[PDB]
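Here is the structure we will look at.
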Amino acid sequence: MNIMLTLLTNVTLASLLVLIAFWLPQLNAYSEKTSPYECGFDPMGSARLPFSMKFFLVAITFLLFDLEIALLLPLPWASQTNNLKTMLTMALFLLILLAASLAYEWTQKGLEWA
Amino acid sequence: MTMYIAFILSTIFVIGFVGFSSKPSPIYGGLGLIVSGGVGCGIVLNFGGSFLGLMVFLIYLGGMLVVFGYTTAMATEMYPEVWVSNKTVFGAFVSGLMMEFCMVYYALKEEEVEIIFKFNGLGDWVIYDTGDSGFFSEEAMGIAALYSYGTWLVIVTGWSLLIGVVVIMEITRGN
Amino acid sequence: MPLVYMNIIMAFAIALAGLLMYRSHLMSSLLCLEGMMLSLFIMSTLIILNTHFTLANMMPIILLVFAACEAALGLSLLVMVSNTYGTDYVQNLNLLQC
Amino acid sequence: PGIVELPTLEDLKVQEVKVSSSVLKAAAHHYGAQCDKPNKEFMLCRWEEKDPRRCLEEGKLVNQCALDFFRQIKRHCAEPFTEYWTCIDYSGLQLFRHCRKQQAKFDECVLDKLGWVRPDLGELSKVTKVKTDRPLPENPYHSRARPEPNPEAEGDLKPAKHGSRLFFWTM
Amino acid sequence: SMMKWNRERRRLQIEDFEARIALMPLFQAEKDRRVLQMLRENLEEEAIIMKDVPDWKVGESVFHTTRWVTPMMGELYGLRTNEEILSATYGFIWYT
Amino acid sequence: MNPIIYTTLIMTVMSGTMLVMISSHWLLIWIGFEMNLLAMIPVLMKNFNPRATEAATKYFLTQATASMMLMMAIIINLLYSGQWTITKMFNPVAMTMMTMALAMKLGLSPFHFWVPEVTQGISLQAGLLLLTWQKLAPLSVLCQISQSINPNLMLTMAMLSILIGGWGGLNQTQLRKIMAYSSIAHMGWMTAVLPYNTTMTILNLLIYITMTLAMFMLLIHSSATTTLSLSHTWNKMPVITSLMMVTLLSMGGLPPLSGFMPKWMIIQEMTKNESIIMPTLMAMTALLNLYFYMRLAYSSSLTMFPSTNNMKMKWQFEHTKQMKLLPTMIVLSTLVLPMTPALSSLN
Amino acid sequence: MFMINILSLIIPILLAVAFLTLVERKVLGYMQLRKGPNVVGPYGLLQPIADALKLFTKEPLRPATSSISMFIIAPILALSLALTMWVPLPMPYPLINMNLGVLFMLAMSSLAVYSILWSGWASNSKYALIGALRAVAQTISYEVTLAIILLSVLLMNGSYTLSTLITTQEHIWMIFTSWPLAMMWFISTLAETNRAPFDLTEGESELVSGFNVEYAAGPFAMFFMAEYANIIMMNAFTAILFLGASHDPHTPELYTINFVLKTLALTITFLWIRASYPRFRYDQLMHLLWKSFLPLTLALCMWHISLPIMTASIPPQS
Amino acid sequence: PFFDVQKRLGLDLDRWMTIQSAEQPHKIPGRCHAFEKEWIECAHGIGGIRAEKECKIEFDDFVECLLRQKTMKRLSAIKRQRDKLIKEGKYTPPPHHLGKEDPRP
Amino acid sequence: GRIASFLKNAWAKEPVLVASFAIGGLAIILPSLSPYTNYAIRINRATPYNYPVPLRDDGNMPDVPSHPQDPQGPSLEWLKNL
């Protein structure tokens with residue numbers, strides 16, 4: 001409940017700041033002031049059109065590696081077992097498989113872009 | 001009110017699911033998924049699963065990041081849709097919220113609701129156990145047995161992940 | 001069964017309905033798949049924690065690992081579909097019929 | 001099914017060891033060294049019986065022995081022990097490390113006045129034998145009679161009477 | 001240096017665990033007595049509460065087995081005050 | 001796809017199936033299904049076409065939904081029983097959900113819509129893998145959980161599968177779609193006997209796998225994906241089309257060919273359990289499959305369709321690659337009926 | 001009185017952020033042969049307050065093309081998360097003592113990234129979209145290596161509890177044990193806080209203002225406060241993790257003073273790096289992390305897993 | 001087609017996690033270890049068909065321990081009766097239940 | 001000979017990979033040949049996480065101690081000296 005109280009307090013402070021920023025100042029909003037910013041000239045197309053991601057493969061591989069991040073976090077408690085031999089073998093197996101995956105993607109020109 | 005933190009969080013979870021399931025633009029569905037992941041973390045922490053909940057939140061936080069980038073790249077639209085931009089999305093959202101509210105009030109009021117299984121309205125605190133785990137975090141010790149007991153699960157999962165990297169490379173080669 | 005189990009199973013049902021009722025984009029249905037996986041994680045974790053099945057507190061993590069594998073597969077397919085058609089719209093997966 | 005036979009309130013009334021966690025931890029080692037016998041008897045009763053009701057008397061004995069231990073401490077070594085448990089109380093984790101000097105004072109006083117010797121590392125964790133006059137529980141789980149196994153392995157195998165006997169096949 | 005310090009930490013952890021071992025039997029006795037007392041109080045007040053209700057045996061077990069089953073949180077604290085229930089159920093999780 | 005990578009992916013698919021068929025823990029069976037999907041998706045798209053990508057996407061979506069439903073069923077059974085072992089399922093709703101998921105994986109109607117599209121999209125070899133090997137794991141899981149299965153649901157799905165597989169094939173001129181619908185019908189035959197006798201399902205699966213392997217290998221040898229393309233084969237390689245005619249007749253179930261034995265034994269087992277209407281309807285509906293089989297046979301071998309002038313060049317050359325197991329597959333598919341009593345080995 | 005503690009953590013941290021702005025301006029100016037702000041207040045002390053007043057008395061503009069809900073939510077999320085992450089830190093005693101505080105901080109840092117992406121997307125401006133995509137690429141580059149380094153270092157701690165780091169480093173700093181991981185961790189913290197040479201999201205020289213190009217007045221002030229607070233919090237995390245401090249339980253003030261001084265030094269190093277080095281290209285940042293940091297982190301993680309076993313130095317779990 | 005390779009080769013690939021009563025780290029007991037053990041021992045070597053009815057008591061006890069449906073129902077009924085009595089004014093919670101007495105240590 | 005050329009080229013052109021592979025190989029190899037690993041296993045076993053349940057005395061268990069501080073049973077002197 002302490003964490004809930006702290007989160008509420010921080011969020012309430014931020015929201016109060018937003019309210020004070022949108023209500024204390026004076027405003028003269030007109031169309032040209034609220035128009036999109038394109039370094040002085042007007043935008044050609046929208047900013048909601050597709051924006052090609054030249055690093056898509058790296059992103060999917062990032063998901064797959066975050067899985068390994070999840071799998072490796074229990075290691076601090078794992079070192080507390082009595083079968084330290086099997087624990088060490090499996091931890092090094094997982095880390096070597098992650099290394100192998102990285103090496104494969106790298107050598108196959110997967111970490112490169114475009 | 002703090003007697004039923006779990007129920008409130010689960011209802012927020014269902015609302016997030018009704019949000020990302022009505023299928024607004026992938027951005028707001030990702031917002032829903034993030035909110036639901038946080039609430040699920042809350043529930044699991046309330047039941048004593050701090051590591052598991054935090055892990056779900058961390059993994060889905062990263063996963064929805066790649067989803068957001070992909071959306072701005074492939075699943076993009078000139079006028080992205082919010083839950084009040086189309087009659088279909090708002091219909092789905094309202095129907096989902098109403099269906100929740102229906103079952104929520106039904107089970108809270110009626111002693112024993114039975115939609116497809118039988119549910120008892122007594123607070124979750126009832127089921128909790130009275131034992132003591134001593135100087136241990138049972139979730140942590142069980143999750144750490146993946147390296148001492150679950151060598152087979154480690155083998156299978158590691159192979160699956162390496163083959164997943166290979167599979168993504170092949171599926172995106174594109175000849 | 002407590003009501004939290006009801007809510008989580010309802011979330012799974014809602015996600016399944018969302019996935020089975022496509023609209024236009026494929027990303028949204030992949031998000032519904034990920035939502036189903038999240039609901040399954042929560043249910044399994046609650047069961048394993050309430051029943052103190054210690055050696056089963058790892059099953060949710062394996063479920064999450066294979067859920068992320070599935071998500072990666074889905075995105076890698078969506079990228080090819082977008083490349084071949086220019087959008088992620090499901091209506092373009094229409095060449096194969098029956 | 002049947003009514004649960006909960007013990008009466010009077011029987012479960014016992015003198016209580018009303019001392020804080022820090023006080024118990026300060027005297028924990030000497031307490032385990034001195035009161036091992038009754039505590040081990042109660043533990044064996046609890047684990048064999050698997051019923052909290054069955055072992056109430058041994059728990060009463062445990063509480064009485066702990067009270068006697070603290071009474072001897074109060075008689076002979078009160079002040080050094082008070083300083084010791086005061087020191088442990090300050091630490092949130094109640095660590096032994098920060099209070100080594102006061103522990104030394106308490107141990108020396110106890111060794112002189114009462115002759116107690118602090119158990120060394122890895123001693124209180126040893127599995128010990130307990131001699132008991134209480135009978136071993138015959139069916140601690142109160143299990144029902146196990147269903148009778150199926151008959152099996154009658155004897156030798158002989159060829160089928162007329163083969164497969166499948167429709168028109170003669171072999 | 002870290003090897004030396006961590007070995008010392010393991011030894012101190014063993015010391016703390018041995019203190020816990022020494023103190024556990026008294027704690028087990030106290031816990032069993034407290035659980036039995038709470039169950040008895042619940043049984044008596046229930047006998048008061050549902051004496052009028054028809055066809056209600058008091059303290060009837062929901063298990064066929066005539067074996068001790070560790071009571072759930074609801075059984076022990078079902079009729080206690082809300083503060084007690086919140087403490088027992090969520091104190092360790094919430095405490096920070 | 002580098003051949004080493006292809007070998008690894010195929011081994012991964014087979015290993016997922018082996019995990020399904022070797023594991024006593026529900027989690028590991030689901031893991032095997034997930035590995036099968038992961039490995040299979042790249043295999044289906046080994047040749048990159050928009051059709052291959054569409055087929056891979058459809059397959060992925062259907063199998064992912066099936067896997068999520070299966071995992072939900074497993075979790076519900078765990079909630080109501082606390083057991084991970086593959087055994088009787090202790091909750092009826094979980095059993096219904098699991099049956100739906102496994103049927104969707106097997107392509108049993110009303111979850112058949114994906115099979116013809118996927119089969120048409122992928123190549124003949126990927127089609128062979130999809131329609132022979134992929135069927136093994138869900139059928140194994142169903143066999144292990146046969147006792148819990150509600151007979152009505154499985155039988156309804158089987159009858160619908162037979163009917164739909166028969167009907168759709170009548171309208172098909174594409175060989176791959178024809179094979180997909182025939183696979184639906186034969187899978188409906190296999191699941192019909194699952195509540196009654198699993199050994200019959202295994203026998204039907206083996207006969208069907210042999211026949212489908214023979215048919216797909218013959219099509220690969222003839223390089224035909226349409227009826228007209230197969231029509232030309234008589235001019236180049238008559239023996240291939242003749243053996244195709246024999247294998248098609250076996251697939252239809254005509255005596256004395258080996259296709260007859262699975263239907264025969266399924267009918268016998270259903271009759272022993274007092275099932276008479278269901279076997280009669282199943283046998284009668286199998287005639288439609290026979291109809292489109294016979295139409296394909298008429299086009300391929302029994303009647304000589306017009307050829308093209310450029311085939312004269314193909315006459316000079318000979319087929320470079322040899323499928324070693326094809327003759328034994330043909331012989332087993334067509335001439336194994338006199339050896340039915342041997343159905344007690346897999347027993 | 002816990003609310004008093006929460007306010008005591010929050011309010012002073014925001015003032016620290018305000019004066020950090022002055023310190024940065026002066027340090028960069030002096031490293032550039034200039035004097036930082038001095039006119040406003042004695043030695044420029046009152047410049048922060050003037051900046052805050054100016055920003056909060058300035059008109060906030062809601063872009064015509066913006067999605068207002070996300071546009072407003074993003075700064076709130078950034079500031080609230082920035083303040084939240086300070087809670088678990090032991091200084092020396094943490095406000096909220098969690099068994100898994102480190103994973104909590106990692107998850108909260110992951111959550112804060114969405115503030116940048118949501119702000120950039122809601123702005124509905126091309127530069128803001130480019131900044132959001134750069135933030136996505138930056139997280140992709142740094143998250144895995146950050147997690148692996150933290151795991152490797154915490155293997156010696158024996159837990160993810162931040163408080164126990166003090167006990168582990170009672171006799172020596174952990175930088176001596178893991179100085180390479182410390183270097184990679186410092187660079188990764190620079191990347192996470194979007195600080196030079198990895199200031200790609202804002203990237204004023206290349207993107208007019210990056211994600212905040214369409215933010216003015218109070219929301220921009222909130223984004224700035226979140227940024228600086230994250231800088232200070234990450235440097236404090238580094239100080240706790242590697243540059244441990246002596247803690248006398250009877251006098252916590254000594255530990256607090258030592259910790260504050262170390263964190264100030266690390267933040268000054270942050271400003272120093274911003275002054276010294278040029279900016280990386282986001283392709284180059286991702287390449288650095290994935291091709292250079294990730295393999296070394298994997299090797300060192302293997303090493304740190306093995307070392308406690310082979311040296312019989314496995315740390316106590318409790 | 002369940003090729004019991006594990007049993008043939010004596011490999012415990014996955015059976016260690018199959019049941020809650022199996023060996024667990026640090027001998028941490030399951031919440032229903034006793035019921036699960038009793039049910040497993042009862043239904044051992046008698047076949048599933050027999051075990052489904054000859055060990056039904058054990059299985060019902062195991063299910064009750066797992067889900068607490070009957071216990072929750074009884075507790076809810078008791079609470080409903082107590083609330084109805086309080087509304088009627090014919091019941092008063094004891095001071096110890098109301099917090100007027102220090103609970104036993 | 002050529003191996004040395006490869007190593008020099010690696011150190012000149014890709015030092016980070018050389019260091020990473022060396023460290024990983026040492027992580028794999030060194031624990032096998034380290035005497036202290038068995039000491040780590042013994043330390044983990046010695047930790048008294050769960051209570052030392054007493055065992056009933058049938059009169060034929062000489063090695064099992066009847067009370068702590070008795071000469072029979074395990075000893076932790078090795079860890080104290082360590």
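Convention: chains lettered A, B, ... in structure tokens order; per-chain residue numbering from 1; ligands numbered from 1 as shown.
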Using only C-alpha atoms, determine which residues of chain H fall within 10 Å of chain I; present them as an mmCIF file with C-alpha atoms, in the first residue's frame.
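File produced: out_24.cif:
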```cif
data_model
loop_
_atom_site.group_PDB
_atom_site.id
_atom_site.type_symbol
_atom_site.label_atom_id
_atom_site.label_comp_id
_atom_site.auth_asym_id
_atom_site.auth_seq_id
_atom_site.Cartn_x
_atom_site.Cartn_y
_atom_site.Cartn_z
ATOM 1 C CA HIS H 26 14.587 -27.495 0.149
ATOM 2 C CA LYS H 27 11.740 -29.951 0.822
ATOM 3 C CA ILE H 28 9.169 -27.171 0.515
#
```
Problem set entry | Shell of 8 Å around region 239-250 of chain G, only C-alpha atoms, local chain residues under 6 positions omitted, as a list in words |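 So, after excluding close chain neighbours, the residues are residues 91 of chain D; 90, 92, 153, 162, 165, 166, 169, 170, 172, 173, 174, 175, 182, 258, 259, 262, 263 and 266 of chain G.
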Within 9 Å of chain E: each chain A residue with its shortest pair, only C-alpha atoms, as a Markdown table:
```
| residue | atom | partner | partner_atom | distance |
| --- | --- | --- | --- | --- |
| A:1 | CA | E:94 | CA | 5.7 |
| A:2 | CA | E:96 | CA | 7.0 |
| A:3 | CA | E:96 | CA | 8.2 |
```
For this session: Could you list the residues in chain A lying within 12 Å of chain H, using only C-alpha atoms, and format the result as a VMD selection string?
Result: chain A and resid 77 to 78 80 to 83
Export N, CA and C atoms of the chosen residues as an mmCIF file, in the first residue's frame?
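What ended up in part-v3.cif:
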```cif
data_model
loop_
_atom_site.group_PDB
_atom_site.id
_atom_site.type_symbol
_atom_site.label_atom_id
_atom_site.label_comp_id
_atom_site.auth_asym_id
_atom_site.auth_seq_id
_atom_site.Cartn_x
_atom_site.Cartn_y
_atom_site.Cartn_z
ATOM 1 N N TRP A 77 19.578 -16.586 -7.372
ATOM 2 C CA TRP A 77 19.064 -17.598 -6.457
ATOM 3 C C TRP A 77 19.483 -19.005 -6.857
ATOM 4 N N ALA A 78 19.760 -19.238 -8.141
ATOM 5 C CA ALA A 78 20.149 -20.575 -8.576
ATOM 6 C C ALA A 78 21.482 -20.988 -7.968
ATOM 7 N N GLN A 80 22.426 -20.856 -5.224
ATOM 8 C CA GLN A 80 22.206 -21.310 -3.859
ATOM 9 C C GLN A 80 21.805 -22.775 -3.789
ATOM 10 N N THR A 81 21.825 -23.483 -4.915
ATOM 11 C CA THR A 81 21.466 -24.890 -4.941
ATOM 12 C C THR A 81 22.647 -25.749 -4.500
ATOM 13 N N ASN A 82 22.365 -27.031 -4.284
ATOM 14 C CA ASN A 82 23.406 -28.000 -3.978
ATOM 15 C C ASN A 82 23.973 -28.659 -5.226
ATOM 16 N N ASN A 83 23.225 -28.653 -6.327
ATOM 17 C CA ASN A 83 23.693 -29.187 -7.604
ATOM 18 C C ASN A 83 24.311 -28.071 -8.447
#
```
I'd like a table as JSON lines: residues in chain G with an atom no more than 8 Å from chain B, each row giving the shortest atom pair and its distance in Å to one decimal, only C-alpha atoms counted, sorted by chain and rising residue number.
```
{"residue": "G:100", "atom": "CA", "partner": "B:51", "partner_atom": "CA", "distance": 7.1}
{"residue": "G:103", "atom": "CA", "partner": "B:54", "partner_atom": "CA", "distance": 6.9}
{"residue": "G:104", "atom": "CA", "partner": "B:54", "partner_atom": "CA", "distance": 6.7}
{"residue": "G:106", "atom": "CA", "partner": "B:58", "partner_atom": "CA", "distance": 7.5}
{"residue": "G:107", "atom": "CA", "partner": "B:58", "partner_atom": "CA", "distance": 4.9}
{"residue": "G:110", "atom": "CA", "partner": "B:61", "partner_atom": "CA", "distance": 6.3}
{"residue": "G:111", "atom": "CA", "partner": "B:61", "partner_atom": "CA", "distance": 6.4}
{"residue": "G:114", "atom": "CA", "partner": "B:65", "partner_atom": "CA", "distance": 7.7}
{"residue": "G:133", "atom": "CA", "partner": "B:69", "partner_atom": "CA", "distance": 6.6}
{"residue": "G:136", "atom": "CA", "partner": "B:65", "partner_atom": "CA", "distance": 6.6}
{"residue": "G:318", "atom": "CA", "partner": "B:135", "partner_atom": "CA", "distance": 7.5}
```
Env of residue 22 (chain D): 8 Å cut, atoms = only C-alpha atoms, seq-sep filter 2 positions within chain, self excluded. Answer as an mmCIF file with C-alpha atoms, in the first residue's frame.
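Produced file around04.cif, reproduced below:
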```cif
data_model
loop_
_atom_site.group_PDB
_atom_site.id
_atom_site.type_symbol
_atom_site.label_atom_id
_atom_site.label_comp_id
_atom_site.auth_asym_id
_atom_site.auth_seq_id
_atom_site.Cartn_x
_atom_site.Cartn_y
_atom_site.Cartn_z
ATOM 1 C CA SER D 20 10.403 -9.716 22.165
ATOM 2 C CA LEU D 24 14.880 -14.421 21.994
ATOM 3 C CA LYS D 25 17.494 -14.012 19.258
ATOM 4 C CA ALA D 26 20.092 -12.772 21.746
ATOM 5 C CA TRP D 85 19.424 -7.656 23.494
ATOM 6 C CA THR D 86 19.263 -3.855 23.525
ATOM 7 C CA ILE D 88 20.465 -6.328 18.684
ATOM 8 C CA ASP D 89 17.170 -4.435 18.797
ATOM 9 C CA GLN D 94 18.768 -7.783 14.125
#
```
Which residues of chain B sit at most 10 Å from chain H, using only C-alpha atoms? Give each one's shortest atom pair and distance in Å (one decimal place), in chain and ascending residue order, as CSV.
```
residue,atom,partner,partner_atom,distance
B:111,CA,H:76,CA,7.8
B:112,CA,H:73,CA,8.6
B:118,CA,H:69,CA,8.9
B:119,CA,H:69,CA,8.8
B:120,CA,H:72,CA,7.4
B:121,CA,H:76,CA,8.5
B:122,CA,H:76,CA,6.6
B:123,CA,H:72,CA,9.8
B:126,CA,H:72,CA,7.4
B:127,CA,H:68,CA,7.1
B:129,CA,H:31,CA,8.0
B:131,CA,H:31,CA,8.9
B:133,CA,H:28,CA,8.2
B:136,CA,H:26,CA,9.5
B:138,CA,H:28,CA,7.9
B:141,CA,H:25,CA,6.9
B:142,CA,H:25,CA,7.1
B:144,CA,H:25,CA,9.2
B:145,CA,H:25,CA,7.1
B:148,CA,H:25,CA,9.0
B:149,CA,H:16,CA,7.6
B:150,CA,H:14,CA,7.8
B:151,CA,H:13,CA,8.0
B:152,CA,H:13,CA,5.8
B:153,CA,H:14,CA,8.1
```
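All of the residues in chain I within 8 Å of chain A are residues 28, 40, 41, 42, 44 and 45 of chain I, where only C-alpha atoms were counted.
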For this session: Within 9 Å of chain G, which residues of chain I are there when counting only C-alpha atoms? Please give them as a list in words.
Result: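 Using only C-alpha atoms, chain I residues at most 9 Å from chain G: residues 16, 17, 19, 20, 21, 22, 23, 24, 25, 26, 27, 28, 30, 31, 32, 33, 34, 35, 36, 37, 38, 39, 40, 41, 43 and 44 of chain I.
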For this session: Extract the full set of helix (DSSP H, G or I) residues from region 5-139 of chain B according to DSSP on the backbone, and format it as a PyMOL selection string.
Result: chain B and resi 5-21+26-46+50-73+87-109+124-126+138-139
Distance table requested - chain D against chain H, cut-off 10 Å, only C-alpha atoms: one row per qualifying residue with the closest atom pair and its distance in Å to one decimal, ordered by chain and rising residue number, as CSV.
```
residue,atom,partner,partner_atom,distance
D:13,CA,H:104,CA,9.6
D:16,CA,H:105,CA,7.9
D:17,CA,H:105,CA,8.7
D:18,CA,H:105,CA,8.1
D:141,CA,H:34,CA,7.5
D:142,CA,H:38,CA,9.7
D:143,CA,H:38,CA,7.1
D:144,CA,H:42,CA,8.6
D:145,CA,H:42,CA,8.4
D:146,CA,H:42,CA,5.5
D:147,CA,H:54,CA,6.5
D:148,CA,H:46,CA,7.7
D:149,CA,H:46,CA,5.6
D:150,CA,H:46,CA,6.1
D:151,CA,H:46,CA,9.8
```
Tell me which protein, DNA and RNA residues are within 8 Å of residue 79 (chain I), counting only C-alpha atoms, leaving out same-chain ones fewer than 3 positions away, and put them as a JSON list (two decimals) with C-alpha atoms, in the first residue's frame.
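What landed in out_36.json:
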```
[["chain", "number", "residue", "atom", "x", "y", "z"],
["E", 11, "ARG", "CA", 29.08, -18.10, 7.95],
["I", 43, "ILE", "CA", 28.73, -24.53, 1.76],
["I", 76, "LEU", "CA", 31.49, -27.14, 10.12],
["I", 82, "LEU", "CA", 38.03, -21.46, 5.19]]
```
Exercise. Residues at most 12 Å from residue 43 (chain A), counting only C-alpha atoms, excluding those fewer than 5 positions away in the same chain, as a list in words?
Worked result: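 Those residues are residues 35, 36, 37 and 38 of chain A; 65, 124, 125, 126 and 127 of chain G.
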Residues of the last selection are to be written out with N, CA and C atoms, as a PDB file, in the first residue's frame.
```
ATOM      1  N   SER A  35      -0.554  25.228 -35.563  1.00  0.00           N
ATOM      2  CA  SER A  35      -0.256  24.417 -36.728  1.00  0.00           C
ATOM      3  C   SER A  35       1.009  23.592 -36.493  1.00  0.00           C
ATOM      4  N   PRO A  36       1.193  22.515 -37.253  1.00  0.00           N
ATOM      5  CA  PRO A  36       2.379  21.673 -37.071  1.00  0.00           C
ATOM      6  C   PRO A  36       3.651  22.416 -37.446  1.00  0.00           C
ATOM      7  N   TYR A  37       4.760  21.976 -36.857  1.00  0.00           N
ATOM      8  CA  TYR A  37       6.055  22.620 -37.039  1.00  0.00           C
ATOM      9  C   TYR A  37       6.877  21.867 -38.077  1.00  0.00           C
ATOM     10  N   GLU A  38       7.258  22.560 -39.145  1.00  0.00           N
ATOM     11  CA  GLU A  38       8.072  21.981 -40.208  1.00  0.00           C
ATOM     12  C   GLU A  38       9.191  22.956 -40.574  1.00  0.00           C
TER      13      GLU A  38
ATOM     14  N   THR G  65      -2.933  19.087 -34.771  1.00  0.00           N
ATOM     15  CA  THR G  65      -2.902  17.697 -35.202  1.00  0.00           C
ATOM     16  C   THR G  65      -2.635  16.724 -34.062  1.00  0.00           C
ATOM     17  N   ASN G 124       2.132  14.425 -33.533  1.00  0.00           N
ATOM     18  CA  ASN G 124       1.746  14.375 -34.938  1.00  0.00           C
ATOM     19  C   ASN G 124       2.595  15.329 -35.773  1.00  0.00           C
ATOM     20  N   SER G 125       3.895  15.340 -35.495  1.00  0.00           N
ATOM     21  CA  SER G 125       4.866  16.091 -36.274  1.00  0.00           C
ATOM     22  C   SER G 125       5.977  15.150 -36.709  1.00  0.00           C
ATOM     23  N   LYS G 126       6.510  15.398 -37.907  1.00  0.00           N
ATOM     24  CA  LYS G 126       7.494  14.490 -38.481  1.00  0.00           C
ATOM     25  C   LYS G 126       8.747  14.406 -37.617  1.00  0.00           C
ATOM     26  N   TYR G 127       9.229  15.547 -37.117  1.00  0.00           N
ATOM     27  CA  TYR G 127      10.407  15.529 -36.255  1.00  0.00           C
ATOM     28  C   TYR G 127      10.136  14.762 -34.968  1.00  0.00           C
TER      29      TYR G 127
END
```
For this session: Using only C-alpha atoms, select each residue of chain C with any atom at most 6 Å away from an atom of chain F, and give the selection as a PyMOL selection string.
Result: chain C and resi 93+96-97
Would you save the residues of that selection, restricted to N, CA, C and O atoms, as a compact mmCIF listing (two decimals), in the first residue's frame?
```
# COMPACT_ATOMS: atom_id res chain seq x y z
N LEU C 93 -4.68 -11.02 -47.76
CA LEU C 93 -4.38 -12.45 -47.71
C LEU C 93 -5.51 -13.24 -48.38
O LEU C 93 -6.10 -14.15 -47.81
N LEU C 96 -5.10 -17.19 -51.75
CA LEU C 96 -5.52 -18.56 -51.51
C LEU C 96 -6.97 -18.57 -51.06
O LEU C 96 -7.36 -17.80 -50.17
N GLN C 97 -7.78 -19.42 -51.68
CA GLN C 97 -9.23 -19.38 -51.51
C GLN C 97 -9.76 -20.75 -51.13
O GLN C 97 -9.06 -21.76 -51.20
```
For this session: Please identify every residue of chain C that has at least one atom no more than 9 Å from any atom of chain A, counting only C-alpha atoms, and report them as a PyMOL selection string.
Result: chain C and resi 61-62+64-66+68-69+71-73+75-76+79
Mind writing the picked residues with N, CA, C and O atoms as a short mmCIF file (atom, residue, chain, number, x, y, z; two decimals), in the first residue's frame?
```
data_model
loop_
_atom_site.label_atom_id
_atom_site.label_comp_id
_atom_site.auth_asym_id
_atom_site.auth_seq_id
_atom_site.Cartn_x
_atom_site.Cartn_y
_atom_site.Cartn_z
N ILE C 61 7.07 -18.76 -16.72
CA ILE C 61 8.19 -18.15 -17.43
C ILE C 61 8.43 -18.84 -18.76
O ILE C 61 8.71 -18.19 -19.77
N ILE C 62 8.30 -20.17 -18.81
CA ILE C 62 8.39 -20.88 -20.08
C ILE C 62 7.23 -20.51 -20.99
O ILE C 62 7.41 -20.35 -22.21
N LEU C 64 5.74 -17.65 -21.06
CA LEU C 64 6.09 -16.33 -21.57
C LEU C 64 7.17 -16.42 -22.65
O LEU C 64 7.11 -15.68 -23.64
N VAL C 65 8.14 -17.31 -22.47
CA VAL C 65 9.20 -17.45 -23.47
C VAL C 65 8.61 -17.89 -24.80
O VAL C 65 8.90 -17.32 -25.86
N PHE C 66 7.74 -18.90 -24.77
CA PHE C 66 7.15 -19.34 -26.03
C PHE C 66 6.10 -18.36 -26.55
O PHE C 66 5.92 -18.27 -27.77
N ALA C 68 6.57 -15.08 -26.42
CA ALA C 68 7.40 -14.13 -27.14
C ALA C 68 7.92 -14.73 -28.44
O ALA C 68 8.03 -14.04 -29.45
N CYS C 69 8.26 -16.03 -28.43
CA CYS C 69 8.62 -16.68 -29.69
C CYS C 69 7.50 -16.55 -30.71
O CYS C 69 7.73 -16.18 -31.87
N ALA C 71 5.12 -14.30 -30.78
CA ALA C 71 5.00 -12.89 -31.17
C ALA C 71 6.04 -12.53 -32.22
O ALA C 71 5.73 -11.84 -33.20
N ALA C 72 7.28 -12.98 -32.03
CA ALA C 72 8.32 -12.73 -33.02
C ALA C 72 7.95 -13.33 -34.36
O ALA C 72 8.12 -12.69 -35.41
N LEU C 73 7.43 -14.56 -34.36
CA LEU C 73 7.00 -15.18 -35.61
C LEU C 73 5.91 -14.34 -36.28
O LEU C 73 5.96 -14.09 -37.49
N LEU C 75 5.24 -11.10 -36.01
CA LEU C 75 5.76 -9.86 -36.56
C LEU C 75 6.60 -10.11 -37.80
O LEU C 75 6.55 -9.33 -38.77
N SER C 76 7.40 -11.18 -37.80
CA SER C 76 8.21 -11.48 -38.98
C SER C 76 7.34 -11.83 -40.18
O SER C 76 7.74 -11.59 -41.32
N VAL C 79 5.73 -8.38 -41.42
CA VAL C 79 6.64 -7.55 -42.21
C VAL C 79 6.63 -7.98 -43.67
O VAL C 79 6.56 -7.14 -44.58
#
```
